[PDB]
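# Observations on the three-dimensional arrangement
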Amino acid sequence: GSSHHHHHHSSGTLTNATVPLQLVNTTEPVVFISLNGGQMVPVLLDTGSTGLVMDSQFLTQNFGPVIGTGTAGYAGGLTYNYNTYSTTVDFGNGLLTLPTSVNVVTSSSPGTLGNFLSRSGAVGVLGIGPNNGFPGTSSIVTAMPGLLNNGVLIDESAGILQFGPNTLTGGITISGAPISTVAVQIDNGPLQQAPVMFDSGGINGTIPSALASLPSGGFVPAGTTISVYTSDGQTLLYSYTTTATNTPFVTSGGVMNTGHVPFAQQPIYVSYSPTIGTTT
Ligand SMILES: [Zn+2]
């Protein structure tokens, strides 16, 4: 499923409601939440995963009894054990969820989840990816009241997250899963059908060797134009030109990861309607 292909490559009666979204170190979208009425804490907005996972420091917090236990991986870089709890999540202005499943890391390697998230300074991952047909695992947004649960508009350059039905027309909409089939074009080459993950935590992104016609293990050369269209090739989702400090890493296999680029460019709506698609 999506989580198997999710990698963060390091280069180094309300219908709607908005909250601040802080961009940290250009690429990291951070929002603040309170768990069970606790202190506001930063979490990383990650469209590439589904699930709220908190650093082990949260074991000191009162989330009630452990309701479940497990082991998982995050973003291809951290292996961890976790406890599951049922607790409320508040985004402020009493925008409060029903109690819902929240995981807390009990041990991890290499290092802690907070250390792994050091680029953002976040202490948890707010995985808001849609996850159709996997009823066990859902974005915490689905536990918001009334129409607030329909989806979230992420607008990094405006500094905002808006819960509820989309209030903008066209734009990019993520639905079904964080991976969808689109068409990808490098420079003025052919449009190629490809699975792509729109991953707001993916930094400067990755592109597979076969798709890019480049050897794996280094970055795409600066001055390379990348354009991503709907699968039919008729509508441009986004385009940019790589730079020496903003360029995807070339992987052997796997799927292309957009990283922050499309989010920095455009408001992107994540829909939780039953339905992986991306439309423009
Ligand atoms: Zn991610």
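For the structure itself, consult the block above.
## Digging into unusual backbone geometry
The peptide bond linking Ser109 to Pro110 adopts the cis configuration, its omega dihedral lying at -10°. Residue position: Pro110 is located in the loop between β9 (100-109) and α1 (113-116). One non-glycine residue, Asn36, lies in the positive phi region at around 50°. Relative to the elements of secondary structure, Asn36 occurs in the loop between β3 (28-35) and β4 (41-46). Owing to a relative accessible area of 41%, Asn36 belongs among the partly exposed residues under this scheme. Phi angles above zero are rare outside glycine, and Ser213 is one such case at about 55°.

## Description of the pairing of β3
Across the eight residues that make up β3, a large majority, seven, are buried. Sheet topology note: the strand β2 (residues 22-24)/β3 ladder contains three bridges and is antiparallel. Looking at β3, one finds that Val24 is bridged to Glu28. Counted along the chain from β2 to the antiparallel partner β3, the turn is three residues long, and its residue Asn25 has a positive phi close to 55°. Bridge analysis of β3 against β4 gives four bridges, and the strand direction is antiparallel. Along β4, the bridge assignment pairs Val31 with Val43. In this sheet, strand β8 (residues 89-90) lies alongside β3 in antiparallel orientation, the contact comprising two bridges. Bridge assignment links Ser34 to a residue of β8, and that residue is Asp90.

What counts and how
- Residues numbered from 1 in each chain as written, not as in the entry; some residues may be left out.
- Heavy atoms only, no water.
- Residues with missing side-chain atoms left out of burial classes, pairs and counts.
- Helix = DSSP H or I, 4+ residues; strand = E, 2+ residues; numbered from the N terminus.
- Buried < 20%, exposed > 50% of the residue type's maximum accessible area, 1.4 Å probe, protein only.
- Pairing = 2+ DSSP bridges.

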